[PDB]
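Input: one structure, supplied below.
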6 protein chains.
Amino acid sequence: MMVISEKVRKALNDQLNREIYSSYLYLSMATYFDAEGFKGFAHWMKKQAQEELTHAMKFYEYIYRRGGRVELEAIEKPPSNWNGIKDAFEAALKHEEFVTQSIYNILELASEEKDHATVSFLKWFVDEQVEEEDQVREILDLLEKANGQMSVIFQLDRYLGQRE
Amino acid sequence: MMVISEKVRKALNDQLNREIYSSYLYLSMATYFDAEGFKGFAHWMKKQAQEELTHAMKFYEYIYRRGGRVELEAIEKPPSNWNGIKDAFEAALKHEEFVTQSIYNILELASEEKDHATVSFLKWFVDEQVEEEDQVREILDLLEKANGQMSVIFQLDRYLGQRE
Amino acid sequence: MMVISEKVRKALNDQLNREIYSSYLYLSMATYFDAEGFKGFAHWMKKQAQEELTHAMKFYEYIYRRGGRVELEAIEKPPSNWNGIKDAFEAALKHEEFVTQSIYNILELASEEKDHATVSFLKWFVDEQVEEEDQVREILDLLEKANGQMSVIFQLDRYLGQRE
Amino acid sequence: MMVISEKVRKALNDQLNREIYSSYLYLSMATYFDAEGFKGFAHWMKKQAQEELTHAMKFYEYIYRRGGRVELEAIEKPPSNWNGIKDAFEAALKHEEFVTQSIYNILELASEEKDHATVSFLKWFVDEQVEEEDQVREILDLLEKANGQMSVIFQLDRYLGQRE
Amino acid sequence: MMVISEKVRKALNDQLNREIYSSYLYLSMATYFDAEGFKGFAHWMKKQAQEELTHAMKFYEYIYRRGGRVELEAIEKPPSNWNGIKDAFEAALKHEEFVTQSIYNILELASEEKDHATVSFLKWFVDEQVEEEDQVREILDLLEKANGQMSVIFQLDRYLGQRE
Amino acid sequence: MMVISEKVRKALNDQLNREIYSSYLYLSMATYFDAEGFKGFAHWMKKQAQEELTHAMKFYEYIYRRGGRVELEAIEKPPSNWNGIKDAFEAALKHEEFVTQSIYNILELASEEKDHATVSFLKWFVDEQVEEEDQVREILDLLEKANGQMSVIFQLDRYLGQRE
Ligand SMILES: CCCCCCCCCCCCCCCCCCCC
Ligand SMILES: CCCCCCCCCCCCCCCCCCCC
Ligand SMILES: CCCCCCCCCCCCCCCCCCCC
């Protein structure tokens, strides 16, 4: 017997599919950076795509621990081009803030149903979103200071390209 | 400048998106096995999904190494249910044979255009397809001899659950 | 001076005595499994009884950290017989879900009194209950698949008998 | 088949439940010492409670080794307050002597029925009772010489707090 | 863009400056203990002052992670004299309970604004306050038992002087 | 009994409170650099704040070693903004020179009273002031040659960010 409501399971299943798309979106930003010849930025996006997949698998395993199951949905085509390095990272920031709000909505839904197990499970993602948003804001701050100077952009490519 | 033809670049890009779907499909088989309580089969499918992503990334890096670009397309919703363990693996074998034929078509297209670089690049996937088809046929052979006997299915669940 | 209300201290003290009974109940399930000759199942219940005691001691130490004290109450006689292996584990699942709801009630009580210290303390038990319930559901799932086949039941006895 | 008489099995089962109460009683002395702020005495009582559980489990495994069954009974509420450290240890000594007499009664019952296996099994508890009574008498002797001097009680709190 | 409200940023910034004062206050208690010749008590207060600074830096880093900034305010002169060892530690306890309530107020403010990121961030401080208050209550309990006996006070000076 | 004059004790106590402000001021420069996104400069200022606290504690222990007492005074609100990286370091140099002159005044006061112990104690701070002034002048010299070029400022941010 499923011990989460179907309304909470659907919210969790929806967020899992959102994490899959986020991973797909970051891979598509990698295709853009690789097309532009920035292999450090592309490498950063490829690792970010891997991290989003581990987010989805965390939702995956919790759903089965509460007696639910996962249904994978179609993944819509992400954008493949941006008007520059900062335009892509600004799109990344806007996306992460959207993901954070989507997590907030599940937390409030589970809270009103007094599903404390799901409320507590989501705490890790609330904290992780703070990290993810901040990491993009820091990059955007460095790009603003670079102001297109390729000497500085080359260093940030090699630096972000060292992400493990 | 791109040194692969647009017809070969499109064929390679199509196969990348096909490998992405293949990984997605195997994750959906994992969701089915986990729903049925077979965590060894589900683990095998999760590792199979990871292996398909590496195939997709190998097409990715070859496309850029030939001066082309990757465009990610929408991913279709895979089925989420199968009529038992054997039915799922029968679907996996039929799928792998479809992937092998899709690789053959790129090889023949590249060979017609005298694109020897792409022809030689595709040899690794031809050999890998031989291995992945045999892996599923071996599993299917043991399931046929098992004839649904749960004593045997349990041993094969935990064995497949040991895949690294 | 006690910095938890007497109403929250009583709720915590009641839960401590509930954990003691749960440990006693699991020991009594061990006496049943040992009487039936399943020393792996009995071993699993003996370790589960030890784990419930560490739960009680966690409530014990928090009560004294908030300036309260513990009063041990009488422990009612647990049942000593079940109608089979699955009947016992189903009784275990129903008990764990009852314990989870009892934890939920303390969390809601402490929340209305705005006792955030107790609310946060209970998060560990909310998460632990997810683990405990899931572990029993997994065992019940394997017993359903076993369908009384002693070849399979022997393996699950030796497997659960390896719990450390 | 059971190779101990029902009269010896009942006597052994009664002692198991008595050992369970003894462990419960020592936990209640821990709750008293912790309420009084003596964390070394409380630690000693917590370790003493763990040792009594091992005694109970030794009766447990002997009963099943003779083909009998264990039935857990209700546990009485122990006292939760004592008139100081010395009063608690005086209650502990009186309790241990009661446990020793209860062991003697089983030994004499088993010896009357010529149950040499149970007679020999009980020798370990006779010797252990000599040790546990002496441990409490030694503590009581130092408390009498201490005459309530807090300088001495502090040193004996931290010494007893080092029990492993 | 700051993603915390200015009302939450101000509350967090106010608490940071409160932690700075708490560190200053504990250093001033050290000046009192050193003036009284108790170098173990003073050492304990100096380490407590260091721990309060790490609390302030935790608020510091979270504010910048949410897009806010820190503004340091003037630090009011703390008291420099107490009427005895217990009077100082009782002042420490009253201060820690005041800090805990100030943390509670931020948690409730962030909760009403549905700022779950800040709510979750404050959980660490809620738990830490339980530790801090308890550590002072334990010391006050030992001082009450000492009742001014310098033989016992000397040991608690050397003991607290060993805090690492 | 105090073996330093009250006029030297007050001068030493005044300098302790000045060192406390100096550490507070450098923390405020850290809040400014972090607000501007320069985490290497901010890290350097945080380490500089820690070093000033050790200076304050050295005055602390000398005052008690001469039989005096420390009285902590209110700490003024430092400025929280500067007109860029260079402006902040220019303020730091002007501040360090003020600290050096304040040390000189104590040395001359102690020398007038023939307090050779305090004169000799202050030699360490005279030499240390030479080092801290030179550290800021060296940074200012590189900032002048940098002339705002962000390629150079980035390298000096990460270099100063490596200070331990
Ligand atoms: C150099 C590192 C490259 C990492 C590439 C990662 C690309 C992931 C793109 C998203 C794919 C989504 C659909 C498939 C999901 C499969 C999940 C498997 C989990 C075990
Ligand atoms: C082989 C492992 C056997 C473990 C047996 C554990 C049995 C526990 C049964 C419950 C007892 C409850 C009453 C006594 C509680 C004592 C708690 C001591 C805590 C330090
Ligand atoms: C023997 C250990 C002595 C430790 C003394 C600590 C004294 C701290 C007193 C409070 C100071 C507040 C104002 C300055 C804050 C600087 C914070 C720097 C953080 C990196």
Side-chain angles (χ1 to χ4, degrees), chain C residues 1-19 54-72 100 102-132, chain E residues 8 11-12 15 18 48 51 55 58-59 62 86-87 89-145:
Chain C
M1 181 217 167
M2 194 174 49
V3 288
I4 42 169
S5 77
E6 176 51 47
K7 204 169 171 215
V8 163
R9 190 222 62 102
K10 182 61 152 75
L12 295 167
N13 193 83
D14 287 352
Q15 185 61 29
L16 187 154
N17 284 282
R18 256 183 236 106
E19 298 291 345
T54 77
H55 290 194
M57 290 315 288
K58 271 187 172 68
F59 282 105
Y60 180 115
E61 293 302 346
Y62 178 74
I63 285 165
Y64 284 99
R65 286 158 73 77
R66 295 315 271 162
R69 77 156 284 171
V70 170
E71 174 168 354
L72 301 177
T100 304
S102 300
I103 285 164
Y104 280 11
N105 296 342
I106 310 174
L107 197 149
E108 290 164 25
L109 166 64
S111 185
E112 214 257 328
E113 304 201 343
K114 306 203 266 146
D115 179 3
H116 307 105
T118 300
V119 166
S120 161
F121 159 79
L122 292 164
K123 167 182 172 61
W124 184 93
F125 294 92
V126 167
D127 297 340
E128 196 65 22
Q129 280 316 106
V130 166
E131 235 280 317
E132 291 224 305
Chain E
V8 163
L12 295 167
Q15 185 61 29
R18 256 183 236 106
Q48 192 55 49
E51 186 170 272
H55 290 194
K58 271 187 172 68
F59 282 105
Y62 178 74
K86 323 204 291 223
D87 183 49
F89 278 103
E90 267 162 6
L93 174 59
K94 178 154 115 156
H95 182 78
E96 277 317 307
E97 282 165 356
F98 164 80
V99 169
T100 304
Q101 187 58 60
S102 300
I103 285 164
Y104 280 11
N105 296 342
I106 310 174
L107 197 149
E108 290 164 25
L109 166 64
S111 185
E112 214 257 328
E113 304 201 343
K114 306 203 266 146
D115 179 3
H116 307 105
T118 300
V119 166
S120 161
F121 159 79
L122 292 164
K123 167 182 172 61
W124 184 93
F125 294 92
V126 167
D127 297 340
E128 196 65 22
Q129 280 316 106
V130 166
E131 235 280 317
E132 291 224 305
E133 291 180 10
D134 182 67
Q135 284 176 351
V136 177
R137 280 187 206 98
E138 178 174 350
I139 288 167
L140 280 172
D141 173 67
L142 301 160
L143 288 172
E144 190 86 343
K145 291 186 185 96

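The sequence lines fix the lettering, A, B, ..., with proteins before strands; numbering per chain opens at 1.
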Quiz item: With sequence neighbours left out, what residues match E:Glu113 under salt bridge (charged side-chain N to carboxylate O under 4.0 Å, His left out)?
Solution: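 E:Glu113 satisfies salt bridge (charged side-chain N to carboxylate O under 4.0 Å, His left out) with no other residue.
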
Exercise. Residue by residue, scan residues 95-112 of chain E and write down, ordered by number, those that have a heavy-atom distance under 4.5 Å to chain C; if none do, write 'none'.
Key: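 Residues in range: E:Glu97, E:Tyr104, E:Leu107, E:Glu108.
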
Quiz item: To the nearest 0.5 Å, how far apart are CZ in C:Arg65 and CD in E:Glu133?
Solution: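 With rounding to 0.5 Å, CZ (C:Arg65) is 10.5 Å from CD (E:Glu133).
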
Quiz prompt | Contact listing (chain C partner; residues 118-131 of chain E; heavy atom under 4.5 Å) | solution =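 Residues of residues 118-131 of chain E touching chain C at under 4.5 Å: E:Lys123, E:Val126, E:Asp127, E:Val130, E:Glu131.
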
Quiz item: Which residues from residues 7-18 of chain C are near chain E, with near meaning under 4.5 Å between non-hydrogen atoms?
Solution: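 No residue falls under the 4.5 Å cut-off.
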
